[PDB]
Every structure is written in structure tokens, then in C-alpha cells.
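Step one of this worksheet: look at the structure below.
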Amino acid sequence: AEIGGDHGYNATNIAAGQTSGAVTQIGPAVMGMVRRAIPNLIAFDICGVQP
Amino acid sequence: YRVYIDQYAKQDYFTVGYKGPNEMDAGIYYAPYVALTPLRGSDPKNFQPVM
């Protein structure tokens with residue numbers, strides 16, 4: 001008869017693990033990490049180098 | 001391009017998207033958690049099955 005319940009679909013409750021049911025969630029798992037991509041260079045064969 | 005057909009398109013369009021080699025680099029994520037669980041039972045008053 002115990003209702004597992006649902007979070008409020010509020011970011012705060014989801015992050016904290018607040019559900020409205022019997023059990024309170026530890027934490028919102030881990031799906032991955034997203035990082036900005038590193039751009040490429042135009043190299044330097046378009047002008048002289050002469051180190 | 002991998003051209004697909006949205007056969008239930010409402011009027012007319014085309015939508016270009018991206019999908020990299022990675023699963024994090026998607027645009028929109030669809031994360032299955034519980035998948036097509038079958039639940040069966042019977043009603044004792046009539047023994048007929050419910051699925």
C-alpha cells in the first residue's frame with residue numbers, strides 16, 4: 001500500500017532527492033559530463049615561420 | 001547525411017540535426033530506465049486474465 005511517489009519535477013527536489021512517496025532518493029544518479037569542445041587551429045603554414 | 005522520413009509529418013518540412021560518435025553529444029537524450037515490463041494478473045471473481 002506504500003506509494004513510491006514522484007518528485008515534483010522541480011530541479012531543486014530532483015537534485016536534493018525529495019520525493020513525495022515513502023522512500024527518499026539518495027541522489028540523481030550520474031548520466032555523464034559534457035565539456036565544451038576544444039577548437040582547432042589554422043596552423044602557421046599560411047605565413048612564414050622562421051623560428 | 002542519414003536521411004529519414006517522418007511519415008506522420010503534418011504539412012511539410014525538413015530538419016537537420018547532429019549526432020556524434022558519443023552518447024553525451026546528442027542534442028536530445030532518451031534514457032530508458034524500466035523497459036516494457038509485463039504485468040499480468042487474474043480477477044478471482046471471474047478468473048479472466050488481465051495483461
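Each chain in the C-alpha cells gets a letter, A, B and so on, in the order shown; residues start at 1 in every chain, and ligands are counted from 1 in the order they appear.
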Excluding range 31-47 of chain B and its own-chain neighbours fewer than 5 positions away, which residues fall within 12 Å of it when counting only C-alpha atoms? Please give them as an MDAnalysis selection string.
(chainID A and resid 29:32) or (chainID B and resid 23:24 26)
Atoms kept (N, CA and C atoms) for selection, written as a short mmCIF file (atom, residue, chain, number, x, y, z; two decimals), in the first residue's frame:
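Generated output (result-v7.cif):
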```
data_model
loop_
_atom_site.label_atom_id
_atom_site.label_comp_id
_atom_site.auth_asym_id
_atom_site.auth_seq_id
_atom_site.Cartn_x
_atom_site.Cartn_y
_atom_site.Cartn_z
N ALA A 29 21.52 10.08 -9.63
CA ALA A 29 22.41 9.26 -10.46
C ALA A 29 23.52 10.08 -11.10
N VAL A 30 24.07 9.57 -12.21
CA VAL A 30 25.08 10.26 -13.00
C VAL A 30 24.92 9.80 -14.44
N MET A 31 24.65 10.73 -15.35
CA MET A 31 24.46 10.36 -16.75
C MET A 31 25.68 10.66 -17.61
N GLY A 32 26.58 11.48 -17.12
CA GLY A 32 27.79 11.81 -17.85
C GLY A 32 28.23 13.22 -17.51
N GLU B 23 27.53 9.21 -26.87
CA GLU B 23 26.14 9.29 -26.42
C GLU B 23 25.84 10.57 -25.68
N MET B 24 26.85 11.22 -25.10
CA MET B 24 26.62 12.50 -24.45
C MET B 24 26.38 13.61 -25.46
N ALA B 26 24.56 14.63 -28.18
CA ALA B 26 23.34 14.20 -28.84
C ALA B 26 22.38 15.31 -29.22
#
```
List as an NGL selection string the protein and nucleic acid residues near residue 7 in chain A, meaning an atom at most 10 Å away when only C-alpha atoms are counted, but skip any in the same chain fewer than 2 places from it.
:A and (4-5 or 9-15 or 17-21 or 24-25)
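Minimum distance to chain A across B:30, B:8, B:50, B:18 (counting only C-alpha atoms) occurs at B:30.
By chain and then residue number, the residues within 12 Å of residue 5 in chain B are residues 12, 13, 14 and 15 of chain B, counting only C-alpha atoms and disregarding those fewer than 6 positions away in sequence.
Across chain A, DSSP run on the backbone finds alpha helix (DSSP H) at residues 11, 12, 13, 14, 15 and 16 of chain A.
Here CA of residue 4 in chain B stands at a distance of 19.7 Å from CA of residue 25 in chain B.
The two atoms in question, CA of residue 16 in chain B and CA of residue 1 in chain B, are spaced 8.9 Å apart.
Closest approach to chain B among A:34, A:23, A:16, A:3: A:34, based on only C-alpha atoms.
Proximity to chain B was assessed for A:8, A:28, A:33, A:1 counting only C-alpha atoms; the smallest distance is recorded for A:33.
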